[PDB]
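*Asks:* So the sequences go chain by chain: A and A'. A prime marks a further copy of an entry chain.
In terms of the entry's author numbering, the first sequence opens at residue 11 and continues consecutively.
In terms of the entry's author numbering, the second sequence opens at residue 11 and continues consecutively.
There are 2 protein chains.
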Amino acid sequence: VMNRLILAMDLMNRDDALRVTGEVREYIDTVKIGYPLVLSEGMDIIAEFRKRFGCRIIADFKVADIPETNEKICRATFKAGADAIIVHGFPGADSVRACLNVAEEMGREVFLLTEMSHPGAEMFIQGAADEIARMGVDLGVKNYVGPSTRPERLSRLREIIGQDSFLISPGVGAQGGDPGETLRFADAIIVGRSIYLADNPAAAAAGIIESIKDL
Amino acid sequence: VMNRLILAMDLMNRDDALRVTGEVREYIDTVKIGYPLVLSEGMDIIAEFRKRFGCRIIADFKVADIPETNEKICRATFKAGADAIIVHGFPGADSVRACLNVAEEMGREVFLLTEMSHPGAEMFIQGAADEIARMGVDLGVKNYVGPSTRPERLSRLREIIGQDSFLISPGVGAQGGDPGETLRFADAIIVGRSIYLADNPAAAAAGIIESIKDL
Ligand SMILES: O=c1ccn([C@@H]2O[C@H](COP(=O)(O)O)[C@@H](O)[C@H]2O)c(=O)[nH]1
Ligand SMILES: O=c1ccn([C@@H]2O[C@H](COP(=O)(O)O)[C@@H](O)[C@H]2O)c(=O)[nH]1
């Protein structure tokens with residue numbers, strides 16, 4: 011990922027989303043698009059980005075349904091041009107395998123979300139997260155998401171999935187996570203608001219990378 | 011809910027979705043719309059349904075993000091005209107409260123999904139589900155979703171949330187659940203494929219209600 015930095019583009023206005031992404035394109039090669047933007051502007055926004063900016067697109071859809079519905083969601087998402095989709099592991103192995111099957115059919119990738127970054131993740135997810143990660147290894151998942159806000163957890167995740175798996179991490183900036191500390195364990199950081207709500211998104215992104223390189 | 015029967019409209023084609031929903035409208039007053047249809051045809055499909063059919067719309071979006079993103083998802087969903095949204099409880103209380111706050115602002119309702127109906131739900135969700143339901147009671151949630159495929163679980167859910175809460179239940183038909191058994195505990199059943207993949211959806215729906223009335 012260019013500069014180890016993935017933009018979380020959660021503005022809900024196409025014009026704002028396009029402005030900010032264009033302003034920071036020199037600093038990233040991947041954009042994470044989620045439901046705030048897609049449910050406001052349509053799934054066609056994925057192909058517009060991917061084309062306009064040349065970027066890869068991770069669809070952060072947190073897929074969390076039964077297997078049959080998960081396959082439909084994944085196939086709609088890959089048809090729209092996403093390169094990868096983020097899947098919850100808490101629904102269990104059949105639900106994840108459904109996503110993996112569609113990704114295999116369509117030449118795309120699944121990222122498994124194993125522990126979330128917000129405080130409420132401590133209630134139920136955290137106690138299951140090591141076992142969710144192990145499930146992912148046993149299913150052949152190679153791409154994972156874990157929390158910048160808890161680097162000790164992020165370290166344990168890395169220790170379960172090994173060095174060859176790819177690990178991305180949200181919660182940097184607005185949620186309190188630190189770029190350099192997170193990159194001790196994650197391959198790339200996800201950053202949303204610290205960039206897209208900045209008075210100068212490009213300067214915000216540049217400053218983060220100046221940190222990353224200094225690693 | 012008319013006839014205690016909610017249609018899960020997971021066809022991915024607007025013309026097919028409209029045909030089937032129109033054919034069974036005499037039997038239901040609520041349609042559950044999810045990501046298979048919305049991510050194929052756009053969020054505008056909600057207002058088209060709600061208007062064309064006069065029905066209420068439950069958005070089965072399984073909202074499962076951090077609090078800030080959950081508020082955005084909910085506000086986009088209610089702006090599109092949904093009457094209610096289904097929220098996962100596994101992300102914890104802050105994530106649920108975010109949804110409740112937007113629902114309060116916009117005069118809408120939240121349904122809390124506490125145990126899922128598919129086999130993989132046994133791995134992580136089931137062991138947390140009673141505590142997820144209790145969390146919902148403590149947050150003031152009045153509307154719940156639990157599994158037709160496990161009526162003993164559905165009974166335990168009902169025992170936690172009490173008789174005055176509203177409980178709907180998927181997994182009837184294709185996943186193996188039974189209408190009459192489920193309605194011992196749930197107020198309404200959700201049915202998708204057994205209706206929408208039938209050679210005669212209206213006859214399928216009529217037959218289910220003939221069962222329900224016979225209760
Ligand atoms: O555990 C997770 C999973 C995904 N996200 C997503 O990553 C982004 C974080 O953005 P921000 O906090 O940098 O604005 C948002 O899209 C959010 O939905 C998290 O924050 N935490
Ligand atoms: O635990 C849950 C939560 C929601 N759904 C949804 O309810 C519907 C079940 O449809 P069917 O199995 O009757 O086709 C689908 O939309 C599915 O995504 C479940 O099946 N189980």
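Beta carbons: idealized from backbone N, C-alpha and C, even for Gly.
Using 7 Å as the threshold, is the C-beta distance between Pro211/A and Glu33/A below it?
*Replies:* yes
*Asks:* Any C-beta of chain A' within less than 9 Å: which residues of the stretch 24–45 of chain A qualify?
*Replies:* Correct list: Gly44 and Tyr45.
*Asks:* Identify which residue in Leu193/A, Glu191/A and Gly183/A has its Cα closest to the Cα of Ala215/A.
*Replies:* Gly183/A
*Asks:* Taking the DSSP output, what are the residues bridged to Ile199/A?
*Replies:* As a beta-bridge residue in DSSP terms, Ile199/A pairs with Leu15/A and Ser179/A.
*Asks:* Is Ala143/A close to ligand 4? I mean its beta-carbon at under 6 Å from any heavy atom of the ligand.
*Replies:* In terms of ligand content, the structure shown lacks ligand 4 and carries ligand 1 and ligand 2 instead.
*Asks:* Per DSSP, which one or two residues make a beta bridge with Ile43/A'?
*Replies:* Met19/A' and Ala69/A'
*Asks:* Going by beta-carbon coordinates alone, are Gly130/A' and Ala90/A separated by less than 7 Å?
*Replies:* no
*Asks:* Starting from the C-beta of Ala86/A', find all residues in its chain whose C-beta is less than 8 Å away, skip the five residues before and the five after it, and write them out in chain order.
*Replies:* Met53, listed in sequence order.
*Asks:* Mind listing which residues of the stretch 65–88 of chain A have their C-beta closer than 7 Å to chain A''s C-betas, in chain order?
*Replies:* Hits within the stretch, in order: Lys72, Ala74, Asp75, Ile76, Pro77, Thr79, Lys82, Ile83, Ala86 and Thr87.
*Asks:* In chain order, what are the residue ranges of uninterrupted beta strand (DSSP E) at least 3 long that sit wholly in the stretch 85–164 of chain A?
*Replies:* Correct list: 94–98, 119–123 and 153–155.
*Asks:* What residues match up with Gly187/A' in a beta bridge as DSSP calls it?
*Replies:* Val182/A'
*Asks:* Which one of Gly187/A', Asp197/A' and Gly181/A' has the shortest CA to CA distance from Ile171/A'?
*Replies:* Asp197/A'
*Asks:* Alpha carbon to alpha carbon, how far is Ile135/A' from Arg166/A?
*Replies:* 22 Å
*Asks:* Quick one: residues in its chain with C-beta nearer than 7 Å to the C-beta of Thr192/A, no 5 flanking neighbours on either side, listed in chain order?
*Replies:* Excluding positions up to five away in sequence, the list reads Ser158, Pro161, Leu164, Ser179, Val182 and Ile199.
*Asks:* Could you please tell me which residues of the stretch 164–192 of chain A, in chain order, have their CB closer than 9 Å to any CB of chain A'?
*Replies:* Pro180, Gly181, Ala184 and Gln185
*Asks:* Regarding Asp20/A and ligand 1, is the C-beta to nearest heavy atom distance less than 6 Å?
*Replies:* yes
*Asks:* Can you find a C-beta in chain A that's less than 7 Å from the C-beta of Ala103/A'?
*Replies:* With its beta carbon less than 7 Å from one in chain A, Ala103/A' belongs to the interface.
*Asks:* Taking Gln173/A as the reference, give the member of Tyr154/A, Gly187/A and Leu21/A with the closest Cα.
*Replies:* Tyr154/A
*Asks:* Report the neighbours of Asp20/A' on chain A: residues whose CB is nearer than 7 Å to its CB, in chain order.
*Replies:* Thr79 and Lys82
*Asks:* What's the gap between the Cα of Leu122/A' and the Cα of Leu47/A'?
*Replies:* 21 Å
*Asks:* Check distances from the C-beta atoms of the stretch 132–157 of chain A' to those of chain A and list, in chain order, the residues that come in under 9 Å.
*Replies:* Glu132, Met133, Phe134, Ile135, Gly137, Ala138, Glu141, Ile142 and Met145
*Asks:* Closer than 8 Å, Cβ to Cβ, to anything on chain A: give me those residues from the stretch 206–218 of chain A', in chain order.
*Replies:* none
*Asks:* Step through the CB atoms of chain A' and report whether any lies within less than 7 Å of the CB of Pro129/A.
*Replies:* yes
*Asks:* Let me make sure I understand the geometry here. Which of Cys65/A, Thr40/A, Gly146/A and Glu58/A has the alpha-carbon closest to that of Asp25/A?
*Replies:* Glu58/A
*Asks:* Leaving out five residues before and five after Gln185/A in sequence, what residues of the same chain have Cβ atoms less than 6 Å from its Cβ?
*Replies:* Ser127 and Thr159
*Asks:* Could you pull the start and end residues of the alpha helix (DSSP H) that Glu220/A belongs to?
*Replies:* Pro211 to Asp224
*Asks:* Going by CA-CA distance only, name the one from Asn80/A, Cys65/A, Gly137/A and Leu49/A that's closest to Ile38/A.
*Replies:* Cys65/A
*Asks:* Note down the Cα distance separating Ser175/A' from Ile76/A', rounded to an integer number of angstroms.
*Replies:* 26 Å
*Asks:* Look at the alpha carbon of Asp70/A and the alpha carbon of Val120/A, and state the distance between them as a whole number of angstroms.
*Replies:* C-alpha of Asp70/A to C-alpha of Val120/A: approximately 10 Å in a straight line.
*Asks:* Taking the alpha carbon of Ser50/A' as the reference point, which residue from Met19/A', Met133/A' and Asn111/A' has its own alpha carbon closest?
*Replies:* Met19/A'
*Asks:* In chain order, what residues of the same chain have a beta carbon less than 7 Å from the beta carbon of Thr31/A, not counting five sequence neighbours either side?
*Replies:* In chain order, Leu17, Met19, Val41, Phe59 and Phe63 place their CB closer than 7 Å to the CB of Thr31/A, counting only its own chain and leaving out the 5 sequence neighbours on each side.
*Asks:* Select from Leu110/A', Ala139/A', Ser204/A' and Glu125/A' the residue whose C-alpha is nearest the C-alpha of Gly150/A'.
*Replies:* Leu110/A'
*Asks:* For chain A', is any of its Cβ atoms less than 7 Å away from the one on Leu49/A?
*Replies:* yes
*Asks:* Under the rule that 16 or more other beta-carbon atoms within 10 Å means buried, what is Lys82/A', buried or exposed?
*Replies:* buried
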